[PDB]
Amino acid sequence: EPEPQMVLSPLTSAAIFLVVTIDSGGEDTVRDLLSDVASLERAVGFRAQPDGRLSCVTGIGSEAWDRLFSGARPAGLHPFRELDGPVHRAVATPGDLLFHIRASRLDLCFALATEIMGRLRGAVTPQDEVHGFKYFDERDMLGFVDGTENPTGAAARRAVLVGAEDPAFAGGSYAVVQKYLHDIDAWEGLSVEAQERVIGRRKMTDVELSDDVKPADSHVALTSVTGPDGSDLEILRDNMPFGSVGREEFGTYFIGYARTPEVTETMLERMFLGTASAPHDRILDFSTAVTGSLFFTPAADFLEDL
C-alpha cells in the first residue's frame, strides 16, 4: 500500500463535518495547510491516546483539485451530479474541501477543527458545519440501527480504497456527503410495522425482513446493488445524527466512501429515480437532502508531500 487516511476508523461517537470553499487567492494557504493536517491531527490527538481515537479525513472537490494541483486527476473525480427525480431531488451544493473529523468525544473534534480553521482564516469561506453524535445503541434519528451491513476488514479495504485501476491515486477513496433533514412528525405517525416496511429491517431487533415480505421500494432493497460479476457492490457509511430541538431540526448527515463514485451514484439513482418495480426509496418521503457534494480523499502520503 501507500498509506491511506483513516477512512476505516473504529467506531466513534462524535463527529464534526466541515465543508468550505476556497476564496480566490486562497490556494497557497490551503496547500500549506494540507501538508500539515496530519501533524495537527497528532498534536491534538496524541495526548488523548488511546481512548480519544481522533482522526481527520480530508477531501478535495473536483473544481478545487484543478485549482490546487499541477498534473493528473483521479479518474472518478467530477462534481456531484444533481438528480431530478419525478418526486424527490438530490441537490448539488458547493464544497471544495471536506474535513471529516471523528473521535470518542466532541471536544477533540472541536479542538482539531479550531486549529485547521485557524490556519485557513481569510482563505476559505465556511459552507456547512455539523456536530454529530451517535445514539447509544447505534441508532439514527428515525430510531433504526444504522451501520449494520457495513463491510468489515478486508472486504471494507477492497470496497473503499483505490488500487491498481488508478495507481497514481492508490490508497485514496471517494466520499459523497448529503445533509438530510427529517419530517419526524410524519414518521412518528406511522406504526412500527409501516416504518419497518420503509427501511426493510425490524426496528427493535435489527433483523432483515425476509425476501418474501421486504418491499421493493424499501431503503434496503433499493441500496442493494449487484455488479456485472454477480457479487454485491458495497460502500462504507458513517451516518451521524445531528440537530437542534428549538428549531425542530432532526437530521442525518450521510457520508459514504467507495473506491469509485459509480457505486454510490448508482445507489443514489435507484433511490431518487427509482427502478422498474419502485418509484423511489420510501425513506425520501421522510427525508429531504439539503446538501450534496463529492470529494476525493487522497492517500496520506500524497498530502504530506506538497
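Just count from 1 along the sequence shown to find any residue number.
- Legend: mean Cα B-factor per stretch from the PDB entry, 76-84 versus 106-114; the higher mean is in 76-84.
- As listed in the deposited structure, the average C-alpha B-factor of 220-228 and of 180-188 is greater for 220-228.
- Comparing the C-alpha B-factors of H100, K203, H131, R157 in the entry, the top value falls on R157.
- Of the candidates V91, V145, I199, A175, the deposited coordinates give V91 the top C-alpha B factor.
- The entry lists a Cα temperature factor for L8 that places it in the highest third of the chain's modelled residues.
- Among the modelled residues of its chain, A64 has a C-alpha B-factor that falls in the lowest third according to the deposited record.
- Sorting the modelled residues of the chain by their CA temperature factor places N150 in the lowest third.
- Residue-level temperature factors show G251 in the lowest third of its chain, judged at the C-alpha atom.
- Sorting the modelled residues of the chain by their CA temperature factor places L306 in the highest third.
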